[PDB]
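Residue numbers (the deposited numbering), protein chains in the order written: chain CCC, 4 to 300; chain BBB, -2 to 300; chain DDD, 4 to 301; chain AAA, 4 to 301.
Beta carbons: idealized from backbone N, C-alpha and C, even for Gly.
So the structure is just underneath, and the comments pick up after that.
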Ligand SMILES: O=c1[nH]c(=O)c2nn[nH]c2[nH]1
Ligand SMILES: O=c1[nH]c(=O)c2nn[nH]c2[nH]1
Ligand SMILES: O=c1[nH]c(=O)c2nn[nH]c2[nH]1
Ligand SMILES: O=c1[nH]c(=O)c2nn[nH]c2[nH]1
Ligand SMILES: [Cl-]
Ligand SMILES: [Cl-]
């Protein structure tokens, strides 16, 4: 078996988990953006694999250096603009690059407040969902930017059921019109090539849409007839309220909370003590796109 | 080097025997009409028995199954609710001590799952929540037979960072000391804080926990308009402990552990830039720690 | 914005991390296979999402029940055969299923040995690389089976360099002809529709090829001029020695081991003390396929 | 509330997770020891805490430097000897140190074999329980060494029950004479001041005692009437066979494997499919010491 008998379907390399903090000072007031960056390249040749020839390979160490240099020279107005700047640098600098993908997540530092007063230079880690983005470009193709939020755990204690599902000989699940709906969410949305707007302002607005659609109104909530329907309500709320979102993917990993039978312990448990099942767990996932955007492709 | 082909129970002392149930996870739901309230917890309850027959003789006559420990925790949560994790820990220890004469010692550890109520435009949602881990609340109750019931509270996985008003100077130098003196650096810490109330059990446990948490953040940061210089991680640990002890009389003993991350100002001279504290790279490993336990002299003497 | 303005690009649901142990007894001798199973479905409609109508949804709870029933009735001769049996069950049973994918990994239990004698019923967890497989089928499509090994950490202390790479204004890396080569490997290979052979025997043979190709001969080793070349040597060794492998993906996550500069501490470190960099880390990935197999997929 | 009203019970600082590999070459043949080291100090004063005065503080950075220098100068024959060398360095060098504790664990690298031949410079990670040790010394006190094994997951599929336990109104557990006994073990033992023997030889012997006592003989095994009794059998086997062990702590975190009721799915499960409960989980812990060693601590 030689190079003649085999096809190269895919080659990809890069640098993962480049961690750094970009500090910005407006007099005594300090601002931080701490990020984790992964940048992957596909080269137009595979001589490093096929021939043991490294002439075209950009060291992963150089990828790291370029990420740090760009953060120093340009600052980080948004992780999206930083991801764009990194992909642009690789495409305009190195003709051996066929494809570049940059992934960035924010370390979720918040400014400390003492009795409602913002601290000039003190922060606390508050992971209430991780902000990320992804930029990718093929040689002479569109630079496509996605933003998202992952590890976002939302729970409501009622206005959730699952009824009228397909029944067969291996279906023991009872019908329920009241249950805890507890979800870990992964949400990712494409802007396509739109790059004009306030990335931070749009991300916050999408996040608000996710929480509002999940919960329903604060005085009464809204019935969810399935995890899948709640995923749909979230996607349709984002697309209704945020025109810059062209495509939205939502993944919901759920935890069932079991009302433990306490009859043998001599008491009745009227939805008072509930035990979460972490494993195994259900997931559902949907990607919706605007007809207009998909046609214009 | 030995006179016997084996050891027997005659040759050995039992220094410690302990068993129990770990990570009992449940949510206690309370409804006031349409408004829902949640407390989700992880409970560990350990016992020492007055005998070790289950170990030494293969005789289980006195062993309370770990399964029974779980059942008792769930029954108490259903019957009593959870006003505070501390009161729940107390109720569990009290149940074991008053119910089973074979129990020499009981320890209950509880941590809260950090659920917060969702808000829409300042309006609290009746039944919707979001996980917000800004430091994990825990407590610990323990009692020996005929001893005091002692309650501790704490906060762990609390990661705080300030970007200035931190240095480390005038330290001991020797042939293996290459560390430069610094009067400006990032102070980034993961905190473990635990404090003893001793036998004090009268007060609002939630109100006191919040007050200690505020003391930790305020002492770490200094005032919001200017901050406060830290000459070492150790000194910051001291400022935190002395702030809590000054402001919260119910705290008798306080342990603080600070695991730090150095943020290195990357040398970029070879890349053709000067980096004036603009790009900083954290060292996660290896990491420094310091730990201190302070107590009130009067409380430690009276014991 | 309404259902009229929007296209459903993709819908997928399932049950993740179904953990169970299948126990088999031959008199006093016990055999165990403990696995983690994930089974995902795509349905032919999306009424559960679009209309709030669950008529076609097979509960994830039923997916779990089916996995456990199949393990009880059929046993687990191999995780590959089990993955196949699960996908076949979903396709032949439920007309609303457009697509099924089953992922399985083995919990790496080994039998305990006392002085070379196998214990009848005692085991130890030894994670020296996790065995996994994947089966998938579209309605009216082929049932495709992949096998793999992940979390396999291999290290050699010499016969590794990286020289003659592209240099630019942001390149500070020195050329090195001696360094530690330390890799965490993810390897996945396709059999396509081939289902006749001993799955366990072929998996073991691929594993041997990976270790031998990584190391070179035991008396001298073999120079690696890059992580990428070592990935290639592994793939070409597997394809040369195992005809059932049609396509092979290898991902190598590396750790650099730095020779600590100790000049300021008053001693010289001649590749004696080395500190691993866990983050950031380099990765490279390649998928090779047999021309013959890829053509015959027109 | 002032410094006068407050007592310092305890002050401790140090450097955690110092990761490095010590490489030794005998011609072509390479030998590796990769370790994670934590070294903690208590100082004789607390001026750094109480007064903001760092004059006596040995930087944690200097603790790291000392660990790397000692590994370079002395090599690592055993992690126990390395732990001893580090504690001895701090105690003989720095009069501000009242107490030093060094914890070390081995990265479980094994030499690769190709057709029965040990590879000169190639290794695979095989975590079959993590080897660790601990050395500590007070000023004017003994240097005490502990060794151990953690993350050791052992399982037997029979010869395990739990019967004749205390029954009360909240006890629903059935009596069982057959069940899976699955345990994650933490084992730590003290040698006290004994330092004349081969550390590697004794650690291997203790490990063999743990596996043999857990499993019983390979042709029949041995009935366990509780997790606690199995912990006892392990401790008494170590103490019987290894005179250098003065004190032994064993912690057993168990997982119940439930025989899943499949009656409603139309089949009977005769201990064929078992589902582990990871949470909540039971634990038991015991520390045994020799009477003779505890007396001789007058
Ligand atoms: O909302 C639900 N959707 C599902 O697909 C499912 N499966 N089991 N329970 C479920 N609940
Ligand atoms: O504040 C500090 N305390 C220490 O003990 C130390 N060691 N290195 N750097 C340090 N900084
Ligand atoms: O073998 C290597 N390949 C790479 O792509 C690389 N980048 N830095 N070092 C490297 N070594
Ligand atoms: O061996 C056992 N020991 C215990 O203490 C226990 N508790 N429940 N089941 C048990 N089994
Ligand atoms: Cl076998
Ligand atoms: Cl060499």
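Beta carbon of residue i nearer than 8 Å to that of residue j
{"i": "residue 137 of chain AAA", "j": "residue 38 of chain AAA", "result": "no"}
{"i": "residue 185 of chain AAA", "j": "residue 257 of chain AAA", "result": "yes"}
{"i": "residue 52 of chain CCC", "j": "residue 190 of chain DDD", "result": "no"}
{"i": "residue 43 of chain CCC", "j": "residue 15 of chain CCC", "result": "yes"}
{"i": "residue 160 of chain DDD", "j": "residue 171 of chain CCC", "result": "no"}
{"i": "residue 268 of chain CCC", "j": "residue 183 of chain CCC", "result": "no"}
{"i": "residue 146 of chain AAA", "j": "residue 196 of chain AAA", "result": "yes"}
{"i": "residue 246 of chain CCC", "j": "residue 176 of chain DDD", "result": "no"}
{"i": "residue 2 of chain AAA", "j": "residue 101 of chain AAA", "result": "This structure cannot speak to residue 2 of chain AAA, because chain AAA is shown only from 4 to 301."}
{"i": "residue 151 of chain CCC", "j": "residue 192 of chain CCC", "result": "yes"}
{"i": "residue 26 of chain CCC", "j": "residue 99 of chain CCC", "result": "no"}
{"i": "residue 90 of chain DDD", "j": "residue 10 of chain DDD", "result": "no"}
{"i": "residue 304 of chain CCC", "j": "residue 126 of chain CCC", "result": "The requested residue 304 of chain CCC is not part of the displayed model; chain CCC covers only 4 to 300."}
{"i": "residue 242 of chain DDD", "j": "residue 188 of chain DDD", "result": "no"}
{"i": "residue 249 of chain AAA", "j": "residue 179 of chain AAA", "result": "no"}
{"i": "residue 260 of chain CCC", "j": "residue 283 of chain CCC", "result": "no"}
{"i": "residue 173 of chain AAA", "j": "residue 103 of chain BBB", "result": "no"}
{"i": "residue 40 of chain DDD", "j": "residue 95 of chain DDD", "result": "no"}
{"i": "residue 168 of chain DDD", "j": "residue 57 of chain CCC", "result": "yes"}
{"i": "residue 129 of chain DDD", "j": "residue 148 of chain AAA", "result": "no"}
{"i": "residue 291 of chain AAA", "j": "residue 238 of chain AAA", "result": "yes"}
{"i": "residue 123 of chain CCC", "j": "residue 221 of chain BBB", "result": "yes"}
{"i": "residue 240 of chain AAA", "j": "residue 215 of chain AAA", "result": "yes"}
{"i": "residue 75 of chain BBB", "j": "residue 265 of chain CCC", "result": "yes"}
{"i": "residue 286 of chain DDD", "j": "residue 19 of chain CCC", "result": "yes"}
{"i": "residue 81 of chain CCC", "j": "residue 202 of chain CCC", "result": "yes"}
{"i": "residue 274 of chain AAA", "j": "residue 244 of chain AAA", "result": "no"}
Which residues DSSP lists as bridging residue i, in chain order
{"i": "residue 228 of chain BBB", "result": "For residue 228 of chain BBB, which the question treats as bridged, DSSP gives no partner whatsoever."}
{"i": "residue 279 of chain AAA", "result": "AAA/260"}
{"i": "residue 135 of chain AAA", "result": "AAA/108, AAA/151"}
{"i": "residue 127 of chain DDD", "result": "DDD/113, AAA/157"}
{"i": "residue 14 of chain AAA", "result": "BBB/289"}
{"i": "residue 22 of chain AAA", "result": "AAA/39"}
{"i": "residue 140 of chain BBB", "result": "BBB/103"}
{"i": "residue 250 of chain AAA", "result": "AAA/193, AAA/292"}
{"i": "residue 9 of chain DDD", "result": "CCC/293"}
{"i": "residue 255 of chain BBB", "result": "BBB/188, BBB/287"}
Chain-ordered list of residues that sit, by beta carbon, closer than 7 Å to a heavy atom of ligand 5
DDD/34, DDD/114, DDD/121
Whole alpha helix (DSSP H) runs in the region 27 to 55 of chain DDD with 4 or more residues, listed along the chain?
The region 27 to 55 of chain DDD contains, as complete alpha helix (DSSP H) runs of 4+ residues, the segments 50 to 53 (chain order).
With contact counted as at least three CB pairs below 8 Å, one residue from each stretch, are the region 162 to 177 of chain DDD and the region 223 to 230 of chain DDD in contact?
yes
Alpha helix (DSSP H) segments (min. 4 residues) lying fully within the region 150 to 238 of chain AAA
Correct list: 202 to 218.
Under 8 Å: do the region 67 to 74 of chain BBB and the region 124 to 135 of chain BBB share three or more Cβ pairs, one atom per stretch?
Between the region 67 to 74 of chain BBB and the region 124 to 135 of chain BBB, the count of Cβ pairs shorter than 8 Å is below three; the stretches do not touch.
What are the start and end residues of each continuous beta strand (DSSP E) run of 3 or more residues lying completely inside the region 83 to 124 of chain AAA, in chain order?
100 to 109, 112 to 117
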